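In what follows, a single structure is set out as C-alpha cells and then discussed.
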Ligand SMILES: CCN1CCN(C(=O)N[C@@H](C(=O)N[C@@H]2C(=O)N3[C@@H]2SC(C)(C)[C@@H]3C(=O)O)c2ccccc2)C(=O)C1=O
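Residue numbers (PDB author numbering): 27 to 288.
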C-alpha cells in the first residue's frame, strides 16, 4: 500500500461509497491503482468506446461520419439536449458522436450503439483493441441502473485506463481519428467539477463524465500536465443506496491526491 493508495482509501472512508482509480503516467508507463480490478458501472463513460468504434469504422467506410441518421420523436430518451433539436430531421454520425461525448446526449449514444449493431457491437470493438474487461449490455437509459453487484455495463478502472490510453495516445485508431477523439474530449462541456477540479489550473485535459443511480459519479480523462508527459486517469465512484446524490467532489479530491503524488 503506497502513500497515494492510503490517501485514496482515506478519502473513500469518509465518502460513504466505493471508489475506483487507475492512473497511467506515460512519463514512465507506471500505474497507480485503487480497486483497479473491481467492476464499476460505466454509465456515460461508455460513450467513449462507442464513439471510438464509429471512428474506427470511418477509417474504411470513409464517408460514414457524414452519413445522416434520422431522429424520430420515439428515439428521444431521458436526456437529449442536442437530439431534441433535430427530431423529425437528421444528424450525421459526426454530429451524434460530438453530442454524445461533449453534451452526454443519450439519444446520440443510442444512435452510435445502433450503428454498431447493438450494445454487443461496442463490446466487440473493445475486444478488438485488447480490452477483455469492458462490457456494454444495454442501450440508454437503462445502462445507467448501476445496481451493486450487477456486471452489466461495467468495466474496471485498470481496463478503462489502458483503453483510454490506447485510443487517445496510442494507435488503436488511425492518426486522424485519434486526433478527432482528442479534440472531442478536450471540448467536453460537463467535466469542470470532476477530475479537472482536482488538477492544477495550468494543466489541460479532455474527459468524459458519467452518472447513474446509486449516486454513481464517474470521469475518465487524458491529461497534459505542465512540463510533463500526458497522463490517463479514471475515477469511478458508486454508493450503497439507489437514490444517493452525485459526488463529483469525491472525484476531484481523488484527482488532487493523484496530482499531489506525482
Ligand atoms: C431505467 C431507469 N433509469 C436508470 C437510472 N437512470 C440514470 O441514472 N440516468 C442517468 C443518465 O442518463 N446518465 C447519462 C450519463 O452518464 N450522463 C448522462 S446524463 C448526465 C449528464 C447526468 C451524465 C453525465 O455526463 O454525468 C442520470 C444520472 C443522474 C441524473 C439523471 C439521469 C436513467 O436514466 C433511467 O431511466
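Using N, Cα and C, we set each Cβ at its ideal position, and we do this for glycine too.
Between the alpha carbons of residue i and residue j, how many angstroms are there, rounded?
i: residue 116; j: residue 273; result: 35 angstroms
i: residue 62; j: residue 137; result: 31 angstroms
i: residue 159; j: residue 80; result: 20 angstroms
i: residue 255; j: residue 171; result: 36 angstroms
i: residue 204; j: residue 44; result: 32 angstroms
i: residue 234; j: residue 147; result: 20 angstroms
i: residue 190; j: residue 175; result: 24 angstroms
i: residue 197; j: residue 50; result: 16 angstroms
i: residue 107; j: residue 131; result: 6 angstroms
i: residue 46; j: residue 36; result: 13 angstroms
i: residue 52; j: residue 166; result: 33 angstroms
i: residue 55; j: residue 31; result: 17 angstroms
i: residue 27; j: residue 206; result: 38 angstroms
i: residue 164; j: residue 123; result: 18 angstroms
i: residue 134; j: residue 88; result: 20 angstroms
i: residue 187; j: residue 181; result: 10 angstroms
i: residue 192; j: residue 112; result: 33 angstroms
i: residue 60; j: residue 247; result: 16 angstroms
i: residue 94; j: residue 85; result: 17 angstroms
i: residue 245; j: residue 218; result: 10 angstroms
i: residue 92; j: residue 155; result: 24 angstroms
i: residue 110; j: residue 153; result: 33 angstroms
i: residue 199; j: residue 215; result: 23 angstroms
i: residue 264; j: residue 279; result: 15 angstroms
i: residue 103; j: residue 29; result: 44 angstroms
i: residue 213; j: residue 129; result: 10 angstroms
i: residue 209; j: residue 232; result: 8 angstroms
i: residue 48; j: residue 125; result: 26 angstroms
i: residue 83; j: residue 177; result: 27 angstroms
i: residue 173; j: residue 185; result: 20 angstroms
Assuming residue i and residue j are in contact, meaning their beta carbons sit under 8 angstroms apart, how far apart are those beta carbons, in whole angstroms?
i: residue 251; j: residue 257; result: 6 angstroms
i: residue 277; j: residue 221; result: 6 angstroms
i: residue 105; j: residue 183; result: Contact flag wrong, Cβ pair sits at about 25 angstroms.
i: residue 284; j: residue 74; result: With 8 angstroms as the limit, residue 284 and residue 74 do not qualify as a contact, their Cβ atoms being about 19 angstroms apart.
i: residue 169; j: residue 179; result: 4 angstroms
i: residue 127; j: residue 211; result: 7 angstroms
May I ask you to list the residues that DSSP assigns as paired with residue i?
i: residue 115; result: 97
i: residue 66; result: 181
i: residue 59; result: 48
i: residue 247; result: 233 and 259
i: residue 238; result: 242
i: residue 264; result: 44
Taking all protein chains shown into account, decide if residue i is buried (16 or more other Cβ within 10 angstroms of its Cβ) or exposed.
i: residue 230; result: exposed
i: residue 201; result: exposed
i: residue 40; result: exposed
i: residue 281; result: buried
i: residue 65; result: buried
i: residue 237; result: buried
i: residue 228; result: exposed
i: residue 194; result: buried
i: residue 149; result: buried
i: residue 121; result: buried
i: residue 224; result: buried
i: residue 38; result: buried
Determine, using beta-carbon pairs with one atom in the segment 223–243 and one in the segment 263–278, whether at least three such pairs fall under 8 angstroms. Using a Cβ-Cβ distance cut-off of 8 angstroms, the segment 223–243 and the segment 263–278 are in contact, since at least three pairs of beta carbons, one from each stretch, lie closer than that value.
Check whether the segment 139–146 touches the segment 70–85, taking contact to mean three or more Cβ pairs, one atom from each stretch, closer than 8 angstroms. Contact between the segment 139–146 and the segment 70–85 is present, because at least three Cβ pairs lie under 8 angstroms.
Count the CB pairs spanning the segment 50–70 and the segment 84–102 that are closer than 8 angstroms, and state whether there are at least three. no
Whose CB is closer than 7 angstroms to a heavy atom of ligand 3? List the residues in chain order. No copy of ligand 3 occurs in the structure displayed; its ligands are ligand 1 alone.
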